[PDB]
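What follows is one structure encoded as structure tokens, with my remarks underneath.
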Amino acid sequence: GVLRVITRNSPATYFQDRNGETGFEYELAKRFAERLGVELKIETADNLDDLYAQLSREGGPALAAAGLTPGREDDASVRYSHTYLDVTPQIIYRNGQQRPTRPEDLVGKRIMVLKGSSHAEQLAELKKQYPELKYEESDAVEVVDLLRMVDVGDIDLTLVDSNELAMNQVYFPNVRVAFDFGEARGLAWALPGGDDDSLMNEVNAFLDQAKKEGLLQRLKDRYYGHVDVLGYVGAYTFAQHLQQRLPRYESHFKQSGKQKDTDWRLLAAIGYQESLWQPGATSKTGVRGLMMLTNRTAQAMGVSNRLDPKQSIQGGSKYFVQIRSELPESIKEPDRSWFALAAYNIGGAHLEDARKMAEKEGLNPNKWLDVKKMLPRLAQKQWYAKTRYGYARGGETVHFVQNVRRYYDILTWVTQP
Ligand SMILES: N[C@@H](CCC(=O)O)C(=O)O
């Protein structure tokens, strides 16, 4: 009584954050496994070629959920469910470089795509029509890698499904859609063929029902797509809010500070980066209140009302100090505080991968200046594929810690002594 779903380890799909497992596919697979009264077991594939290999052996996974494009036709050997999400392939280029207008303008550019993907096949055929088109494909990269590579200019163009872009665009300021390339199409789950429609029919029953019940559109808004974390405000705006907001809460930050033997101004910085000192702030991610705590985490810290500024401040402060208390003793202050900010955001599991990765690189797993260099690698498959817990958006962790420290510095400077 265990549903095995194979997927890809990636932000649009499945990954681990500080609260455990998450992702569009993962949630859809879980709400489905529950509709079957079985346990969901995730298995992840290394690349797309391997996913389909795995799906087609006997004794393999039930189905594949991985934002797969059917394309197909009638290879009965692999069969597709109804679609649960409609997308469009898009050519992506780097801002301030020659924006291609037409398929012919893909000639002369360096292009990279997932090896074994629909899009590699979309380009393969375009190469008959223009034998000068050249492109590379790789198994050691995921779409998140491709966008970074354009953003940073290591490649000119790539070709990806629009949803992957909607989720990530914001983490890549320099990238821009050049044009749609192909008709809109639907994504779907993949099952092996196929003589018993036992398994297929309910999936199709599930997806059809979950479309009219709002579940698909709910998820789509949950994930696709938005900037949780980021945003250093003006020094202007912070000075503003020092006068308009902090006076309400300074009292609570101070006492929690005292209660827990920790600098109140860092607690106050966490909260500013968190919600901008807004006790009613909330996210579609399911965090809420001044210290943007999750429900499980709030209950765990004794917070019975997430919207009460005093409670959320006390519970968030409690959460931060414990995380800082649980790090390896080998990490000393002040780095220790920075690791905890790093862990507060990305989860200790991932932070741990970073330190191992840091060690193996001959760096100091105890120096925030070093591990901080490793955290961004967790969003690079060549690297995160080699870690225990896999993908993490480590660049956003770094911004988190940085930003929080920055507010902490201004606060110190103004307080006072
Ligand atoms: N097939 C990949 C995209 C491949 C590419 O970017 O070229 C996906 O599942 O989104």
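Chains: A, B, ... in order of the structure tokens. Residues: from 1 per chain. Ligands: from 1, in order shown.
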- Neighbour list for residue 229 in chain A as an NGL selection string, cut-off 10 Å, only C-alpha atoms, skip fewer than 3 positions in-chain: :A and (226 or 232 or 273-275 or 345 or 396-397 or 399-400 or 403)
Can you check which parts of chain A lie within 7 Å of ligand 1? Per residue, the shortest pair of atoms and distance in Å to one decimal, counting only C-alpha atoms and all ligand atoms, sorted by chain and number, as a tab-separated table.
```
residue	atom	partner	partner_atom_place_in_ligand_line	distance
A:66	CA	ligand 1	9 (O)	6.5
A:67	CA	ligand 1	9 (O)	5.4
A:68	CA	ligand 1	9 (O)	5.5
A:112	CA	ligand 1	7 (O)	6.9
A:113	CA	ligand 1	7 (O)	3.5
A:114	CA	ligand 1	7 (O)	4.2
A:117	CA	ligand 1	1 (N)	4.2
A:118	CA	ligand 1	1 (N)	5.5
A:119	CA	ligand 1	7 (O)	4.7
A:120	CA	ligand 1	7 (O)	5.8
A:143	CA	ligand 1	6 (O)	5.1
A:146	CA	ligand 1	6 (O)	6.8
A:158	CA	ligand 1	7 (O)	6.5
A:159	CA	ligand 1	7 (O)	4.7
A:160	CA	ligand 1	6 (O)	3.8
A:161	CA	ligand 1	10 (O)	5.4
A:164	CA	ligand 1	10 (O)	6.3
```
Residue selection dump (N, CA and C atoms) as a PDB file, in the first residue's frame:
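Below you can see again.pdb, which holds the result:
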```pdb
ATOM      1  N   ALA A  66       6.416  14.935 -13.441  1.00  0.00           N
ATOM      2  CA  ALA A  66       7.670  15.700 -13.584  1.00  0.00           C
ATOM      3  C   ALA A  66       7.561  16.827 -14.600  1.00  0.00           C
ATOM      4  N   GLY A  67       6.353  17.383 -14.697  1.00  0.00           N
ATOM      5  CA  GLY A  67       6.014  18.415 -15.656  1.00  0.00           C
ATOM      6  C   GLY A  67       6.313  17.875 -17.032  1.00  0.00           C
ATOM      7  N   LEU A  68       5.882  16.655 -17.293  1.00  0.00           N
ATOM      8  CA  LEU A  68       6.268  16.019 -18.535  1.00  0.00           C
ATOM      9  C   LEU A  68       5.341  16.477 -19.644  1.00  0.00           C
ATOM     10  N   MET A 112      21.707  25.821 -24.913  1.00  0.00           N
ATOM     11  CA  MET A 112      21.741  24.605 -24.104  1.00  0.00           C
ATOM     12  C   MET A 112      20.348  24.250 -23.630  1.00  0.00           C
ATOM     13  N   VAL A 113      20.082  22.956 -23.631  1.00  0.00           N
ATOM     14  CA  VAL A 113      18.771  22.421 -23.324  1.00  0.00           C
ATOM     15  C   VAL A 113      18.908  21.150 -22.548  1.00  0.00           C
ATOM     16  N   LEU A 114      17.817  20.683 -21.963  1.00  0.00           N
ATOM     17  CA  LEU A 114      17.924  19.429 -21.254  1.00  0.00           C
ATOM     18  C   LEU A 114      18.119  18.332 -22.289  1.00  0.00           C
ATOM     19  N   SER A 117      15.052  15.842 -23.549  1.00  0.00           N
ATOM     20  CA  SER A 117      13.812  16.559 -23.244  1.00  0.00           C
ATOM     21  C   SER A 117      13.045  16.773 -24.526  1.00  0.00           C
ATOM     22  N   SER A 118      11.747  17.032 -24.401  1.00  0.00           N
ATOM     23  CA  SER A 118      10.951  17.444 -25.542  1.00  0.00           C
ATOM     24  C   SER A 118      11.669  18.549 -26.311  1.00  0.00           C
ATOM     25  N   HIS A 119      12.271  19.520 -25.609  1.00  0.00           N
ATOM     26  CA  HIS A 119      12.755  20.745 -26.284  1.00  0.00           C
ATOM     27  C   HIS A 119      13.994  20.457 -27.113  1.00  0.00           C
ATOM     28  N   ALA A 120      14.797  19.525 -26.650  1.00  0.00           N
ATOM     29  CA  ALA A 120      15.929  19.097 -27.407  1.00  0.00           C
ATOM     30  C   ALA A 120      15.377  18.516 -28.701  1.00  0.00           C
ATOM     31  N   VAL A 143      16.617  22.750 -15.488  1.00  0.00           N
ATOM     32  CA  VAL A 143      16.215  24.060 -16.022  1.00  0.00           C
ATOM     33  C   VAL A 143      16.708  25.235 -15.193  1.00  0.00           C
ATOM     34  N   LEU A 146      19.964  26.211 -16.582  1.00  0.00           N
ATOM     35  CA  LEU A 146      19.901  26.848 -17.885  1.00  0.00           C
ATOM     36  C   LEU A 146      19.633  28.335 -17.781  1.00  0.00           C
ATOM     37  N   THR A 158      18.301  29.613 -24.428  1.00  0.00           N
ATOM     38  CA  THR A 158      17.810  28.301 -24.070  1.00  0.00           C
ATOM     39  C   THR A 158      16.338  28.184 -24.421  1.00  0.00           C
ATOM     40  N   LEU A 159      15.810  26.978 -24.253  1.00  0.00           N
ATOM     41  CA  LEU A 159      14.452  26.694 -24.637  1.00  0.00           C
ATOM     42  C   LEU A 159      13.730  25.947 -23.536  1.00  0.00           C
ATOM     43  N   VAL A 160      12.723  26.578 -22.914  1.00  0.00           N
ATOM     44  CA  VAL A 160      12.038  25.979 -21.752  1.00  0.00           C
ATOM     45  C   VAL A 160      10.528  26.216 -21.705  1.00  0.00           C
ATOM     46  N   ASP A 161       9.821  25.362 -20.946  1.00  0.00           N
ATOM     47  CA  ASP A 161       8.360  25.498 -20.741  1.00  0.00           C
ATOM     48  C   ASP A 161       8.060  26.755 -19.924  1.00  0.00           C
ATOM     49  N   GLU A 164       8.320  27.115 -16.073  1.00  0.00           N
ATOM     50  CA  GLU A 164       9.615  27.027 -15.420  1.00  0.00           C
ATOM     51  C   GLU A 164      10.112  28.425 -15.357  1.00  0.00           C
TER      52      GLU A 164
END
```
- Write out as number ranges by chain the residues lying within 12 Å of residue 26 in chain A, counting only C-alpha atoms and excluding same-chain residues fewer than 3 positions away. A: 4-16, 20-23, 29-33, 40-44, 64-67, 219, 223
Write the residues of the selection above to a file with N, CA, C and O atoms, as a short mmCIF file (atom, residue, chain, number, x, y, z; two decimals), in the first residue's frame.
```cif
data_model
loop_
_atom_site.label_atom_id
_atom_site.label_comp_id
_atom_site.auth_asym_id
_atom_site.auth_seq_id
_atom_site.Cartn_x
_atom_site.Cartn_y
_atom_site.Cartn_z
N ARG A 4 4.49 4.55 -5.47
CA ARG A 4 5.78 5.08 -5.90
C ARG A 4 5.65 5.99 -7.10
O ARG A 4 5.18 5.59 -8.17
N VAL A 5 6.04 7.24 -6.89
CA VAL A 5 6.06 8.25 -7.92
C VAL A 5 7.49 8.67 -8.18
O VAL A 5 8.22 8.99 -7.25
N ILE A 6 7.90 8.62 -9.44
CA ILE A 6 9.22 9.09 -9.77
C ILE A 6 9.07 10.50 -10.27
O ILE A 6 8.07 10.82 -10.98
N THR A 7 10.02 11.36 -9.88
CA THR A 7 10.00 12.74 -10.34
C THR A 7 11.41 13.29 -10.51
O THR A 7 12.39 12.58 -10.36
N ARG A 8 11.48 14.55 -10.88
CA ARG A 8 12.74 15.24 -11.00
C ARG A 8 13.00 16.11 -9.75
O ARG A 8 12.13 16.83 -9.25
N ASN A 9 14.23 16.12 -9.26
CA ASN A 9 14.55 17.01 -8.17
C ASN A 9 14.74 18.45 -8.62
O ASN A 9 15.81 18.82 -9.10
N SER A 10 13.72 19.28 -8.45
CA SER A 10 13.78 20.67 -8.94
C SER A 10 12.70 21.57 -8.33
O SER A 10 11.72 21.10 -7.76
N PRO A 11 12.90 22.89 -8.41
CA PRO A 11 11.96 23.80 -7.76
C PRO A 11 10.54 23.79 -8.34
O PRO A 11 9.64 24.15 -7.60
N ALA A 12 10.31 23.42 -9.59
CA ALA A 12 8.93 23.44 -10.08
C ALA A 12 8.29 22.14 -9.75
O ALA A 12 7.09 21.95 -9.88
N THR A 13 9.10 21.23 -9.24
CA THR A 13 8.64 19.85 -9.14
C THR A 13 8.59 19.30 -7.72
O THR A 13 7.51 19.14 -7.14
N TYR A 14 9.78 19.04 -7.18
CA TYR A 14 9.94 18.39 -5.91
C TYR A 14 11.29 18.77 -5.35
O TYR A 14 12.30 18.75 -6.05
N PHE A 15 11.32 19.15 -4.09
CA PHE A 15 12.57 19.43 -3.42
C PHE A 15 12.27 19.48 -1.95
O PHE A 15 11.10 19.39 -1.56
N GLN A 16 13.30 19.61 -1.14
CA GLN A 16 13.13 19.75 0.30
C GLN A 16 13.42 21.18 0.79
O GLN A 16 14.47 21.72 0.51
N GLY A 20 10.54 20.35 5.28
CA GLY A 20 10.42 19.04 4.64
C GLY A 20 10.18 19.12 3.14
O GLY A 20 10.72 19.98 2.47
N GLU A 21 9.42 18.15 2.61
CA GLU A 21 9.12 18.04 1.18
C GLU A 21 8.07 19.00 0.69
O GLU A 21 7.13 19.29 1.40
N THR A 22 8.22 19.44 -0.55
CA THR A 22 7.32 20.41 -1.18
C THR A 22 7.52 20.39 -2.72
O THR A 22 8.35 19.64 -3.25
N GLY A 23 6.76 21.24 -3.42
CA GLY A 23 6.79 21.29 -4.87
C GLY A 23 5.42 20.96 -5.43
O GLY A 23 4.62 20.30 -4.79
N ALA A 29 0.93 14.81 -6.14
CA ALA A 29 1.08 13.38 -5.90
C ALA A 29 0.58 13.03 -4.51
O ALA A 29 -0.03 11.99 -4.31
N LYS A 30 0.73 13.94 -3.56
CA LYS A 30 0.32 13.60 -2.20
C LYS A 30 -1.19 13.68 -2.07
O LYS A 30 -1.81 12.74 -1.55
N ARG A 31 -1.81 14.76 -2.56
CA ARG A 31 -3.25 14.81 -2.52
C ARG A 31 -3.85 13.62 -3.30
O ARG A 31 -4.96 13.18 -2.99
N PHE A 32 -3.10 13.05 -4.24
CA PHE A 32 -3.60 11.90 -4.99
C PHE A 32 -3.43 10.61 -4.20
O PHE A 32 -4.33 9.78 -4.17
N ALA A 33 -2.29 10.46 -3.53
CA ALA A 33 -2.04 9.24 -2.76
C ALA A 33 -3.00 9.10 -1.60
O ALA A 33 -3.33 7.99 -1.17
N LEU A 40 2.67 7.71 0.02
CA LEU A 40 3.43 8.22 -1.12
C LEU A 40 4.92 8.00 -0.91
O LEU A 40 5.46 8.46 0.08
N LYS A 41 5.58 7.27 -1.82
CA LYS A 41 7.04 7.17 -1.78
C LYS A 41 7.62 7.86 -2.99
O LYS A 41 7.38 7.45 -4.12
N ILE A 42 8.38 8.92 -2.78
CA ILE A 42 9.00 9.62 -3.89
C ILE A 42 10.26 8.91 -4.30
O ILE A 42 10.99 8.37 -3.47
N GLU A 43 10.49 8.82 -5.60
CA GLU A 43 11.80 8.43 -6.07
C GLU A 43 12.19 9.47 -7.08
O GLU A 43 11.32 9.97 -7.81
N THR A 44 13.45 9.84 -7.13
CA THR A 44 13.78 10.87 -8.08
C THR A 44 14.70 10.28 -9.16
O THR A 44 15.41 9.31 -8.93
N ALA A 64 5.05 8.55 -13.43
CA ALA A 64 6.05 9.62 -13.40
C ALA A 64 5.34 10.97 -13.39
O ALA A 64 4.49 11.23 -14.26
N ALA A 65 5.66 11.82 -12.41
CA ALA A 65 5.10 13.17 -12.38
C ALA A 65 6.25 14.15 -12.38
O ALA A 65 7.06 14.10 -11.47
N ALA A 66 6.42 14.94 -13.44
CA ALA A 66 7.67 15.70 -13.58
C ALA A 66 7.56 16.83 -14.60
O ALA A 66 8.55 17.17 -15.27
N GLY A 67 6.35 17.38 -14.70
CA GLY A 67 6.01 18.41 -15.66
C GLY A 67 6.31 17.88 -17.03
O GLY A 67 6.82 18.57 -17.89
N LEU A 219 -2.99 25.41 -6.56
CA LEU A 219 -1.56 25.08 -6.56
C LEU A 219 -0.77 26.06 -7.39
O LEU A 219 0.22 26.63 -6.93
N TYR A 223 2.45 28.25 -6.10
CA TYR A 223 3.82 28.21 -6.54
C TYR A 223 4.11 29.30 -7.56
O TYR A 223 4.81 30.27 -7.27
#
```
- Name all residues at most 7 Å from range 308-322 of chain A (count only C-alpha atoms; drop same-chain ones fewer than 2 positions away) and give them as a ChimeraX atom specification. /A:252-253,256,267,279,289-291,293,298,301-303,305-306,324-326,340,344
Those same residues, written as a PDB file, in the first residue's frame with N, CA and C atoms?
```pdb
ATOM      1  N   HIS A 252       8.483  44.469  22.744  1.00  0.00           N
ATOM      2  CA  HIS A 252       8.450  43.017  22.716  1.00  0.00           C
ATOM      3  C   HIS A 252       9.751  42.422  22.273  1.00  0.00           C
ATOM      4  N   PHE A 253      10.396  43.064  21.305  1.00  0.00           N
ATOM      5  CA  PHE A 253      11.686  42.544  20.869  1.00  0.00           C
ATOM      6  C   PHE A 253      12.679  42.601  22.065  1.00  0.00           C
ATOM      7  N   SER A 256      11.909  39.698  24.768  1.00  0.00           N
ATOM      8  CA  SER A 256      12.256  38.392  24.228  1.00  0.00           C
ATOM      9  C   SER A 256      13.764  38.311  24.156  1.00  0.00           C
ATOM     10  N   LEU A 267      16.946  40.131  16.708  1.00  0.00           N
ATOM     11  CA  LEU A 267      15.595  39.629  16.690  1.00  0.00           C
ATOM     12  C   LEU A 267      14.747  40.616  15.894  1.00  0.00           C
ATOM     13  N   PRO A 279       2.337  42.951  11.836  1.00  0.00           N
ATOM     14  CA  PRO A 279       1.854  41.760  12.521  1.00  0.00           C
ATOM     15  C   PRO A 279       0.747  41.038  11.756  1.00  0.00           C
ATOM     16  N   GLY A 289       2.221  36.527  10.136  1.00  0.00           N
ATOM     17  CA  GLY A 289       2.444  37.359  11.301  1.00  0.00           C
ATOM     18  C   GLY A 289       3.804  38.047  11.245  1.00  0.00           C
ATOM     19  N   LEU A 290       4.117  38.781  12.293  1.00  0.00           N
ATOM     20  CA  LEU A 290       5.298  39.592  12.290  1.00  0.00           C
ATOM     21  C   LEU A 290       6.577  38.770  12.038  1.00  0.00           C
ATOM     22  N   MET A 291       6.707  37.554  12.590  1.00  0.00           N
ATOM     23  CA  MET A 291       7.930  36.746  12.350  1.00  0.00           C
ATOM     24  C   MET A 291       7.801  35.630  11.319  1.00  0.00           C
ATOM     25  N   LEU A 293       6.086  32.873  10.776  1.00  0.00           N
ATOM     26  CA  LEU A 293       6.166  31.518  11.280  1.00  0.00           C
ATOM     27  C   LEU A 293       5.149  30.664  10.573  1.00  0.00           C
ATOM     28  N   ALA A 298       4.679  27.561  14.736  1.00  0.00           N
ATOM     29  CA  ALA A 298       4.052  28.416  15.761  1.00  0.00           C
ATOM     30  C   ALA A 298       3.571  27.624  16.973  1.00  0.00           C
ATOM     31  N   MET A 301       6.245  26.509  19.185  1.00  0.00           N
ATOM     32  CA  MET A 301       6.887  27.512  20.013  1.00  0.00           C
ATOM     33  C   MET A 301       5.930  28.121  21.034  1.00  0.00           C
ATOM     34  N   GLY A 302       4.709  27.612  21.102  1.00  0.00           N
ATOM     35  CA  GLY A 302       3.765  28.090  22.093  1.00  0.00           C
ATOM     36  C   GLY A 302       2.908  29.262  21.642  1.00  0.00           C
ATOM     37  N   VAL A 303       2.913  29.521  20.334  1.00  0.00           N
ATOM     38  CA  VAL A 303       2.202  30.645  19.752  1.00  0.00           C
ATOM     39  C   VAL A 303       0.825  30.126  19.415  1.00  0.00           C
ATOM     40  N   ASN A 305      -1.742  32.254  18.724  1.00  0.00           N
ATOM     41  CA  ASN A 305      -2.280  33.227  17.787  1.00  0.00           C
ATOM     42  C   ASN A 305      -1.198  33.879  16.902  1.00  0.00           C
ATOM     43  N   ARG A 306      -1.045  33.414  15.660  1.00  0.00           N
ATOM     44  CA  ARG A 306       0.057  33.930  14.870  1.00  0.00           C
ATOM     45  C   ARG A 306       0.034  35.414  14.624  1.00  0.00           C
ATOM     46  N   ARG A 324      20.064  28.286  16.594  1.00  0.00           N
ATOM     47  CA  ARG A 324      21.429  28.715  16.860  1.00  0.00           C
ATOM     48  C   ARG A 324      22.048  27.855  17.939  1.00  0.00           C
ATOM     49  N   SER A 325      21.220  27.388  18.868  1.00  0.00           N
ATOM     50  CA  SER A 325      21.666  26.505  19.954  1.00  0.00           C
ATOM     51  C   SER A 325      22.031  25.089  19.464  1.00  0.00           C
ATOM     52  N   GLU A 326      21.372  24.634  18.398  1.00  0.00           N
ATOM     53  CA  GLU A 326      21.552  23.288  17.882  1.00  0.00           C
ATOM     54  C   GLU A 326      22.681  23.092  16.851  1.00  0.00           C
ATOM     55  N   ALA A 340      22.995  30.478  11.883  1.00  0.00           N
ATOM     56  CA  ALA A 340      21.652  30.297  12.354  1.00  0.00           C
ATOM     57  C   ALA A 340      20.678  31.095  11.432  1.00  0.00           C
ATOM     58  N   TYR A 344      17.856  29.389   9.686  1.00  0.00           N
ATOM     59  CA  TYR A 344      16.472  29.862   9.815  1.00  0.00           C
ATOM     60  C   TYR A 344      15.704  29.868   8.490  1.00  0.00           C
TER      61      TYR A 344
END
```
- Message: For a quick check of understanding, using only C-alpha atoms, which of A:100, A:394, A:248, A:81 has the smallest distance to residue 201 in chain A?
- Response: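 Checking each candidate against residue 201 in chain A, we get A:81 as the closest.
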- Message: To test your reading of the structure, identify every residue in range 169-388 of chain A that backbone DSSP assigns to alpha helix (DSSP H), and report it as a ChimeraX atom specification.
- Response: /A:198-212,215-223,235-244,246-259,264-275,295-300,309-326,335-346,348-360,368-374,381-384
- Item | Contacts of residue 366 in chain A within 10 Å, only C-alpha atoms, excl. fewer than 2 positions in-chain, as number ranges by chain | A: 328-333, 335-336, 339, 355, 358-359, 363-364, 368-371
Keeping only N, CA, C and O atoms, write those residues as a short mmCIF file (atom, residue, chain, number, x, y, z; two decimals), in the first residue's frame.
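Saved file part_19.cif follows:
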```
data_model
loop_
_atom_site.label_atom_id
_atom_site.label_comp_id
_atom_site.auth_asym_id
_atom_site.auth_seq_id
_atom_site.Cartn_x
_atom_site.Cartn_y
_atom_site.Cartn_z
N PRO A 328 26.44 22.66 15.35
CA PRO A 328 27.68 22.02 15.80
C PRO A 328 28.50 22.92 16.75
O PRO A 328 28.62 24.10 16.44
N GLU A 329 29.02 22.42 17.87
CA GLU A 329 29.76 23.31 18.80
C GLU A 329 31.02 23.92 18.16
O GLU A 329 31.53 24.95 18.61
N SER A 330 31.50 23.25 17.12
CA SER A 330 32.68 23.69 16.42
C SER A 330 32.55 25.06 15.75
O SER A 330 33.55 25.64 15.34
N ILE A 331 31.32 25.56 15.60
CA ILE A 331 31.04 26.90 15.02
C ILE A 331 30.97 27.99 16.08
O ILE A 331 30.05 27.97 16.89
N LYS A 332 31.87 28.97 16.04
CA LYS A 332 31.90 29.92 17.14
C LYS A 332 31.23 31.24 16.75
O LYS A 332 30.90 31.48 15.60
N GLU A 333 30.92 32.05 17.74
CA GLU A 333 30.42 33.38 17.44
C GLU A 333 31.57 34.25 16.86
O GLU A 333 32.76 34.04 17.17
N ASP A 335 30.15 33.99 13.77
CA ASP A 335 29.71 33.25 12.60
C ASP A 335 28.50 32.41 12.95
O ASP A 335 27.57 32.22 12.15
N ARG A 336 28.51 31.94 14.18
CA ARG A 336 27.47 31.06 14.65
C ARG A 336 26.10 31.72 14.45
O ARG A 336 25.12 31.08 14.02
N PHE A 339 25.23 31.55 10.73
CA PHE A 339 24.80 30.21 10.33
C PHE A 339 23.37 29.97 10.72
O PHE A 339 22.61 29.35 9.99
N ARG A 355 28.01 22.69 4.49
CA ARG A 355 29.26 22.58 5.25
C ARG A 355 30.10 21.38 4.82
O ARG A 355 31.33 21.47 4.78
N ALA A 358 31.53 22.36 1.76
CA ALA A 358 32.57 23.33 2.11
C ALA A 358 33.90 22.68 2.51
O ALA A 358 34.97 23.10 2.07
N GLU A 359 33.79 21.65 3.36
CA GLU A 359 34.92 20.86 3.84
C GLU A 359 35.63 20.23 2.68
O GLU A 359 36.83 20.44 2.51
N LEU A 363 37.71 24.16 2.35
CA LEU A 363 37.34 25.36 3.08
C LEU A 363 36.95 25.06 4.51
O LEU A 363 36.85 23.91 4.93
N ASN A 364 36.72 26.13 5.26
CA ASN A 364 36.37 26.01 6.66
C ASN A 364 34.85 25.88 6.89
O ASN A 364 34.08 26.81 6.69
N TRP A 368 31.61 31.52 8.24
CA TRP A 368 30.43 31.93 7.47
C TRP A 368 30.88 32.45 6.12
O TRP A 368 30.15 32.28 5.14
N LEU A 369 32.05 33.12 6.06
CA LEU A 369 32.57 33.59 4.77
C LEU A 369 32.80 32.45 3.77
O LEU A 369 32.73 32.68 2.58
N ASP A 370 33.02 31.23 4.25
CA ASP A 370 33.25 30.09 3.34
C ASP A 370 31.98 29.33 2.89
O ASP A 370 31.78 29.04 1.71
N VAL A 371 31.15 29.00 3.87
CA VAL A 371 29.99 28.16 3.65
C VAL A 371 29.03 28.95 2.77
O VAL A 371 28.32 28.41 1.91
#
```
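Proximity ranking of A:376, A:89, A:395, A:280 relative to residue 179 in chain A places A:89 first, based on only C-alpha atoms.
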- Excluding range 123-140 of chain A and any residue of its chain fewer than 3 positions from it, enumerate the residues within 8 Å of it, using only C-alpha atoms, and give them as a list in words.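 After dropping sequence-adjacent residues, the list is residues 46, 47, 48, 103, 104, 106, 107, 108, 109, 110, 111, 112, 113, 114, 115, 116, 119, 120, 381 and 382 of chain A.
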- Message: Please extract the residues of range 167-294 of chain A with a backbone DSSP assignment of strand (DSSP E) and present them as a list in words.
- Response: residues 175, 176, 177, 178, 179, 180, 185, 186, 187, 188, 189, 190, 191, 192, 287, 288, 293 and 294 of chain A
- Query: Just how far from CA of residue 191 in chain A is CA of residue 70 in chain A, in Å to one decimal?
  - Reply: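 Here the two named atoms are 11.1 Å from each other.
Those residues that approach residue 239 in chain A to within 12 Å, counting only C-alpha atoms, are residues 233, 245, 246, 272, 276, 407, 410, 411, 413 and 414 of chain A; same-chain residues fewer than 6 positions away are not listed.
Atom pair CA of residue 74 in chain A / CA of residue 54 in chain A: separated by 19.6 Å.
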- Using only C-alpha atoms: which of A:343, A:87, A:166, A:281 has the shortest distance to residue 185 in chain A: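 Smallest distance to residue 185 in chain A is found for A:87.
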- Of A:237, A:348, A:95, A:63, the one nearest to residue 199 in chain A when counting only C-alpha atoms is A:63
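For the pair CA of residue 217 in chain A and CA of residue 292 in chain A, the separation is 24.2 Å.
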- Task: Using only C-alpha atoms, find the one residue out of A:342, A:374, A:269, A:277 that sits nearest to residue 412 in chain A.
- Result: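 Residue with the minimum atom-to-atom distance to residue 412 in chain A: A:269.
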